[PDB]
Structures are given as C-alpha cells and as structure tokens.
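To start, the structure itself, in structure tokens.
Numbering of ligands and ligand atoms starts at 1, following listing order. Residue numbers start from 1 in every chain, and the chains themselves are labelled A, B, ... in the order their sequence lines are given, proteins ahead of strands.
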Amino acid sequence: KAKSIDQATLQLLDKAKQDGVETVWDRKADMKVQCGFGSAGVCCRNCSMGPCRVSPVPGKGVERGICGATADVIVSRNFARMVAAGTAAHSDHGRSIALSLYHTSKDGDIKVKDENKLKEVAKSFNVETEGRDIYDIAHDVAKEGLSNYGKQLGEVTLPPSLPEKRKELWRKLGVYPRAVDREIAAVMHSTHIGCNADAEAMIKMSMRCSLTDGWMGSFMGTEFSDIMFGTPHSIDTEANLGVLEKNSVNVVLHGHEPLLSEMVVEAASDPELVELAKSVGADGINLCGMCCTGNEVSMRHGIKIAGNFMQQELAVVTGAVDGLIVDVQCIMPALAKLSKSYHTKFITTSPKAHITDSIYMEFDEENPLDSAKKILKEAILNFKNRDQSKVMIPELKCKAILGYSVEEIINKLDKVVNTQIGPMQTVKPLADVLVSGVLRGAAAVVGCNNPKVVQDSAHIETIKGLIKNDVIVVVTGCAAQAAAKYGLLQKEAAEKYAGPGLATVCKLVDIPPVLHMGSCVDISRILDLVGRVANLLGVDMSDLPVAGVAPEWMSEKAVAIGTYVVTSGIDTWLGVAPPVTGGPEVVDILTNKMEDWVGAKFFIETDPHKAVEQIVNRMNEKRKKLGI
Amino acid sequence: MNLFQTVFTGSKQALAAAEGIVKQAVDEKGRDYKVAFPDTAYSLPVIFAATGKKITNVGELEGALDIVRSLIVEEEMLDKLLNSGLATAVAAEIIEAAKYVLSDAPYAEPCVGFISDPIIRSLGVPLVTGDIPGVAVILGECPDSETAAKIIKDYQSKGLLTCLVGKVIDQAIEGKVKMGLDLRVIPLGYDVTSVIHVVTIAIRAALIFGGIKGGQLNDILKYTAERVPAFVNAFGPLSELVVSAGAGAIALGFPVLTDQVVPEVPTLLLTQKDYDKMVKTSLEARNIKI
Ligand code: SF4
C-alpha cells in the first residue's frame with residue numbers, strides 16, 4: 001500500500017529510507033497485526049483483578065470479566081474514557097486561554113485586539129460593557145469563563161447560537177452539561193470497577209461530557225483567542241514542506257496552544273533577532289507551522305503551513321529545520337529520537353508535555369515575549385550547525401486561502417445581499433441558498449491522519465466528492481491542511497471541482513468551495529455557524545442538511561469531537577472504525593438508537609466514495625423531512 | 001413543494017399546454033401548413049438559438065416538443081433547474097407559434113404579441129447607448145391599479161423599456177399609463193406565455209448585435225447575462241408555470257423579483273414586499289445606473 005498521496009511526503013520518505021531513520025509508517029509496520037481484543041474494545045484493564053478480555057463474538061468464548069462486566073459494559077467504558085480524555089485535552093487548552101485573558105493589560109505582552117468581539121462575548125456572559133474600561137471587561141469575561149470549568153452550584157453559560165430546542169432536548173435526555181472538569185471527573189468515576197454497568201447510561205454520560213468540550217471548552221478557547229489575537233479574516237498563505245528555506249533559519253512551531261506561537265511570531269520581527277539571523281549566515285527567519293498551532297498562526301497572520309500530523313517527522317527529515325518548538329498534544333515522542341540524526345533542536349516548552357531527551361525551555365506565561373525571544377534565539381543560533389549537504393527540501397508547495405471565521409463568512413455573504421432588502425451581517429444568504437436547494441448542504445471535514453489509511457487520501461476524496469455534489473465544505477485541523485496541500489483552498493478550485501450550484505455560489509460570494517475555519521478547537525465555530533442557521537430558520541440543528549466527517553481520525557480529541565457533534569444533532573461519518581465492534585449494544589446505540597435520542601447518529605464507513613454517497617442520501621432525506 | 005419541484009411542475013404544465021395546442025394545430029391545419037412569426041429572420045428564436053433548427057411547418061413544430069421533453073430532467077441540481085426553465089421558455093414559444101398559425105390575428109390592441117426584427121434593430125441603438133438602461137419585465141397583477149401605475153411610470157421616467165404581461169396591463173390602463181413603443185411601455189399579452197415575446201428580444205439581441213450563430217446556446221446565455229439588462233417583476237400570486245418561466249428568465253441571467261414569499265436565491269430570486277422600493281431593488285439587482 002502507498003504511504004501517502006502527497007508527492008513531497010513520498011520524496012521525504014525515500015530520503016528517510018536512505019538516511020536510515022524510522023518513521024510512523026515503519027513503526028506501524030513493526031506493530032504488525034494489532035491485538036484483536038483491543039481493536040474490538042473487549043479488553044479491560046480498569047482494575048488489578050484484570051486484565052480481562054471477553055469474546056468480541058457474542059455466544060462464544062469468555063463472556064464476562066472477573067467482576068462480571070459484559071462485552072457491552074467493557075466497550076462502553078472504554079469509549080467513555082476516550083471521550084473524557086479528548087474533553088480533557090480541549091478543556092485544558094481553553095483553560096489556558098481563559099487564564100491568559102485574565103492577565104491581559106494595556107501595557108502588557110497580551111492585549112485585547114478585538115474589542116467588538118470582546119463586547120459581544122461579554123454580552124453572552126452577562127458582563128456589563130457600557131462606560132467601562134476594556135480590560136476590566138476582559139477580566140470579568142475571563143472570570144465567567146473560568147467559572148464554566150469548575151462551578152459546583154448553578155448552571156453553566158452557553159453561547160447564544162445554541163438553539164433553545166437543542167437545550168430543551170438535552171435537559172429532557174439528561175445530558176445537559178455541567179462544569180467541564182466536573183463532567184470529566186464524573187465519567188472517570190463511573191468507569192471505575194463496580195460502578196456503571198449499563199451501556200446506554202454510559203454513552204449518555206460520555207455525550208454529556210463531550211458537550212462541555214464542544215460548547216464550552218473549545219468555544220471559549222476560540223472566542224478568547226479571537227479577543228486576544230484577532231478575529232481571522234480571509235488571508236493568503238502557502239502550504240506543504242516546500243515552504244522551508246535552505247538559505248534561511250527554519251523555525252517550525254508544532255502543537256496546539258496559540259499564545260506561544262503568537263509570541264514567537266512577534267519575536268521573529270524583533271530587530272536584534274533578525275540581525276542575529278543575518279550574522280549566523282542566514283538570509284532571515286522563516287517561521288512555519290504544523291498541525292493546530294500552525295493553523296492558528298496561519299489563520300491570523302498567514303504563517304506558512306509546513307504540514308499536518310503524519311508529516312511532522314518528515315519535516316525534520318529535510319535536514320533544514322533549525323528549531324522545532326512544541327507545546328502540547330499530537331507531538332510524536334519519536335521526534336526526540338529523530339532529531340538526534342540531524343542538527344535540529346527539539347524544544348519542549350510546556351510543563352504539561354515533557355519529552356525525554358528533548359531540550360526543555362519552559363515558556364514563561366508571566367513574560368511571554370521575553371521567553372519566546374529566548375527560545376527563538378536558541379533556534380536561530382542552531383543555524384550554524386546546519387549541514388547543507390544533508391538538506392533536501394522538495395520543490396512542492398501550494399497556495400491556500402484561509403481565515404474563514406463566522407464573522408469573515410458573514411462579511412463575505414454581505415456581498416450577495418440586496419441593499420434595498422437586507423438585512424446585513426447575518427447568515428441569511430447561506431440559509432437562503434441551503435433552503436432553495438442551490439446548495440444541497442454543508443459538511444464539516446475534520447480530523448487527523450492515521451497510518452491505517454493512505455495519508456490524506458480519504459480527506460481529499462471525501463472533500464472532492466462532497467463539493468462535486470454541491471455540498472459546501474468547511475475544514476479544520478489536519479484535514480484542512482491536507483486540503484491546503486492539495487490545492488482545494490483556492491478560488492480556482494470552484495471551477496475545477498465543484499458542481500454547478502456550488503460553483504455559482506463560489507463565483508457570487510467570491511470564496512473557495514472549501515472554507516478553512518481554523519484549528520480543532522475552531523470546530524466550535526462550525527457549531528456556531530450551524531446554530532445561527534438553525535436559529536434563523538426556527539428549527540433544531542438536527543433538521544438541517546448538515547454533516548460532519550472524520551475520514552482519517554486518530555486522537556481521543558477526535559472521539560470527543562464526533563460525540564459532541566452527534567449530540568448537537570449533526571450526523572457524523574467516521575473513516576476509521578472506533579474500538580466498539582466487540583460490543584453489539586454499543587454499536588447499536590451509536591449507529592441506530594442515537595437518532596431517537598438526539599436526532600443524529602454515527603456512520604462508520606472506511607470507503608470515502610461510499611461515505612460521500614451516504615452523506616448525500618442522508619442530506620436529501622433530511623431535506624425532504626424539512627420540506628426544502 | 002420546494003423550488004426545484006415547483007419549477008419541474010411548471011415545466012411539465014407548459015409542456016402539456018404546448019402538446020395540446022400543437023395537437024389542435026395539427027388537427028385543424030395540417031403538418032405541411034406553414035409556421036412563422038410576423039417579420040422575423042430567425043424563425044422561432046428560442047429554438048433557433050438552442051439548436052439552430054428553423055421551424056417552418058406544423059410537423060416541425062410538433063417535432064420541437066422533443067426539445068422541451070429533453071430539457072426537463074427532474075434531478076435537484078442547479079443546472080437541471082436552469083434547463084427546466086429553458087424548457088418552459090421553449091414550450092411558451094411553441095404555444096405562441098401555434099397561436100399565430102391558428103388565428104390570423106392572435107393579439108388585439110393594446111397587446112402587441114410578437115416583436116418584429118426591425119423593432120429590435122430600432123431599439124438596439126438606444127440599448128447599447130444607455131438611453132435604455134434596462135428592460136423591466138412586469139408580470140402578474142399588483143394589489144391595486146394605482147401601485148402598478150406608479151411602478152410602471154417610475155420605470156418609464158427612468159428611461160427603461162418596460163414590458164407588461166397579464167392583468168397588470170389592465171391595471172396600467174386604469175392607471176392612465178401611456179403605452180407604445182416610443183413611450184417604452186409595451187403590452188405583450190394577458191397569458192403568461194406572452195413573456196416569451198420579450199425573451200426573444202434578448203435572444204435575437206444576441207443573434208443580431210452579438211453575432212452569435214444559432215445553436216451556440218451557451219454563448220447566447222452568456223451574452224444575455226452580460227449584455228441585456230433585463231429583470232422580472234412578478235406581482236401577485238405565482239403559479240408553478242410562472243415560477244418555471246422565472247427559472248427560464250434566471251437561465252438567461254435575468255434576476256426575478258417578486259412581492260410573494262418564495263425560496264430566495266441571492267442575486268437571482270428576491271422577495272420585495274415594499275412596492276415603494278421595488279424599482280430601486282430591481283435597479284440594484286440588475287446593476288442598472290440611471
Ligand atoms: S473492571 Fe472487571 S472486567 Fe475490567 S479488569 Fe477489573 S475485573 Fe476485569
């Protein structure tokens with residue numbers, strides 16, 4: 001099987017083979033046939049009476065664990081713990097953002113750059129704004145956001161875009177969210193030996209936990225990031241490994257937390273550091289981003305995107321990365337080993353993510369700019385250790401357009417609003433094109449890479465099929481970066497891949513057929529968008545012809561995302577089977593009974609063409625239900 | 001019934017009416033009997049633009065229903081909707097041709113029916129010059145004669161060439177609107193199919209001024225969209241046939257504005273209840289400068 005559809009990826013894999021270094025593909029091959037029990041989710045290790053493995057085939061072999069737990073119980077608890085872990089990752093990201101908001105000041109390193117956005121958020125949090133200092137407002141907003149994480153009395157605060165009907169449905173179902181850390185703790189408590197042994201209740205607890213990710217953690221992280229670093233607008237950038245410069249210092253930012261990457265971008269324009277880069281013999285400083293931190297700095301500043309998850313190692317294989325600065329999440333620990341074969345400084349900066357044999361330079365949130373300058377100076381000084389004979393940068397990079405926040409999308413939609421009719425600054429043109437049938441629907445393509453799928457193949461095939469069927473596509477994360485590398489994030493792509501209705505819409509609004517809405521936490525924006533459409537049409541989000549796809553997901557964060565997208569009322573297709581096939585009841589809940597609960601359900605489909613067909617059929621049947 | 005289904009239903013009704021009237025023409029006059037429009041050089045302009053074929057006898061008119069049949073594909077995608085609008089336009093043209101071959105004088109005053117080529121050439125000079133900054137296709141009935149007269153005279157005072165289809169003709173007559181080719185208020189006919197008589201104005205504008213040869217349908221549609229500043233104001237309740245004819249106008253690149261609740265399409269299908277702002281809304285939608 002081919003390892004990737006990306007030519008630059010293939011060239012660097014040949015180079016890695018020539019250099020005698022191992023990749024994620026090599027380790028996947030070394031793992032050989034993976035354990036069937038773990039793959040089906042019928043293995044349990046929740047107590048030291050175990051490990052227990054029960055048969056993935058009902059009626060044969062061992063039926064219960066030592067405590068008496070069935071295959072359905074073991075599967076449901078394993079799934080719930082994946083959701084809890086994903087929720088924890090996203091919530092910790094949002095908590096750091098809220099704490100940064102709490103420390104903003106007029107003369108400090110972290111300021112308020114979008115005051116209108118802050119005032120709207122303050123309105124959503126019942127924070128007074130009129131005749132008040134902007135930083136007093138910011139601190140009050142940060143306090144309310146922080147209380148969302150750990151309040152023990154009262155109800156949490158949810159964005160106004162969430163329909164009232166969806167909230168009432170959640171309350172009736174028993175999944176209405178509480179404080180984020182409280183829900184994570186509840187899931188961890190109920191999976192403990194001898195607690196919850198009922199699959200339906202376990203799945204409902206996991207949905208409840210995932211809601212605190214989708215609508216509170218990721219949402220607050222995104223909106224506070226907009227407040228502090230600016231709301232994204234349409235902006236040009238370049239993507240894929242070709243963005244590395246042979247003659248410049250190459251600094252690659254990998255990870256998820258945006259404050260460090262924002263401070264590194266600011267430090268790169270420091271005159272002393274630019275002079276130092278010149279003095280070490282480089283033309284300048286070339287900042288490149290990877291994964292979600294790359295998505296953030298690219299959405300807000302046009303920083304070039306070096307690559308997505310399964311390309312991180314190959315970035316080092318070029319031999320041109322002088323510094324690789326990582327914060328947390330989706331940072332392959334093998335990088336520490338791999339950087340030994342090159343001059344690269346692999347720099348960890350977060351106390352949450354220590355990696356053995358990496359260079360640890362703790363990013364100081366109290367003095368973010370000075371700390372970022374010190375880290376960047378280490379990366380720049382490493383340019384003297386470059387071995388130019390080992391350098392091979394593929395001449396493969398692609399132009400991309402991104403920055404499509406909900407605000408930017410609304411601004412673009414204002415173009416097709418007749419001034420004599422109005423209203424302006426709404427999602428009404430999008431609702432109109434969806435209701436009329438010019439657009440069949442909207443689909444979100446999100447998720448990681450996975451060695452089980454030819455890298456980027458499923459993302460590209462799913463996106464092309466959807467836009468060919470007049471389904472407008474919004475992309476986040478590594479899927480968005482796969483689209484960027486391929487060339488879908490271009491206005492020209494409208495006439496090259498889209499169907500007639502979507503091509504007309506793209507021409508009228510002057511947008512690409514695929515809209516890059518940011519990082520994984522920026523999936524909250526998608527929720528926001530859908531909610532607005534629903535609120536404009538007076539229906540629940542489960543009545544709309546919308547869907548989400550995770551063609552190549554790998555992370556626990558992806559599991560939590562799919563769970564809260566389904567719980568919000570949006571059908572979700574998974575291109576990688578989750579470890580639930582061992583529990584028939586869990587499969588039936590996720591793919592059949594969920595529709596009775598929340599009006600949406602999971603679809604497991606490993607063939608992208610079949611997934612596109614199923615998405616189109618499901619959207620059409622929801623349209624016929626809605627009468628459009 | 002959604003927009004696509006409404007357009008498909010309208011196109012099927014137009015096809016049924018065309019089949020009935022063609023059967024009547026075949027029964028009364030014979031398949032060798034001549035089929036023509038008064039003083040034109042492009043036979044039936046819509047069929048000539050779509051295929052390049054000139055319809056000369058009744059048998060060929062009966063064979064032209066296959067064009068309407070092949071232009072109706074009931075799949076909910078935008079291209080099929082535009083093709084279905086074009087099918088309605090072809091069916092309306094066939095109905096008008098059958099009217100002309102059945103009756104010696106199908107239209108009486110003030111209705112003018114078909115517009116001859118010399119009138120098109122006369123209007124071409126003020127069209128490109130800018131003395132005619134647009135073509136207002138008014139179809140249906142306004143709630144009052146006063147509002148219809150007000151809108152029509154507002155268009156007239158701005159130099160636009162306004163064409164009238166339906167009961168709006170009677171409302172304008174009650175409103176003391178002075179009509180004629182020099183007064184730029186042209187009543188086409190009381191039936192919806194009479195709207196084709198302004199559509200052929202645009203089509204022949206591509207045939208005469210644009211120089212596009214017959215059968216180059218995409219070139220004709222591009223020319224009408226980028227050169228002919230026409231728009232539709234549909235007043236009063238809209239049947240499926242009216243919506244299908246509006247889909248044809250959209251296929252020609254002409255935006256359709258109405259006072260009725262319809263599934264809106266930005267820049268193409270717009271609802272404007274306020275009759276005091278309909279003229280400005282149409283001028284903005286068609287990008288017309290006075
Ligand atoms: S919780 Fe039950 S099934 Fe799991 S390891 Fe312990 S005894 Fe075995």
Ranked by distance from atom 2 (Fe) of ligand 1, the top protein heavy atom is A:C67 SG, 2.3 Å

Cationic N near anionic O, under 4.0 Å, A:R618 to A:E621 = yes

task: Look at the N, O or S atoms of A:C44, main chain and side chain alike, and state whether any lies under 2.8 Å from atom 8 (Fe) of ligand 1.
output: no

query: Is the distance from atom 6 (Fe) of ligand 1 to the nearest N/O/S atom of A:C47 under 2.8 Å?
result: yes

Near A:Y102 OH, under 6.0 Å, is it more than 12 heavy atoms from other residues, nucleotides or ligands? no

Less than 4.0 Å is my threshold; does some heavy atom of A:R64 fall inside it relative to ligand 1? no

Of A:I193, A:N78, A:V73, the one whose closest heavy atom lies nearest atom 1 (S) of ligand 1 is A:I193

Contact region, A:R53 to ligand 1, non-hydrogen atoms below 4.0 Å, reads neither

In terms of heavy-atom contacts, A:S339 and A:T344 come closest through CB-O, 3.7 Å

With A:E257 as partner, the option from A:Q329, A:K352, A:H93 fulfilling side-chain hydrogen bond (donor to acceptor under 3.5 Å, both in side chains) is A:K352

- Item | Salt bridge A:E155-A:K167, side-chain N to carboxylate O under 4.0 Å | no

Query raised in the report: Looking only at side chains, do A:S519 and A:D522 share a donor and an acceptor under 3.5 Å apart?
Result: yes

Nearest heavy atom to atom 3 (S) of ligand 1, choosing from A:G68, A:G65, A:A197, belongs to A:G65

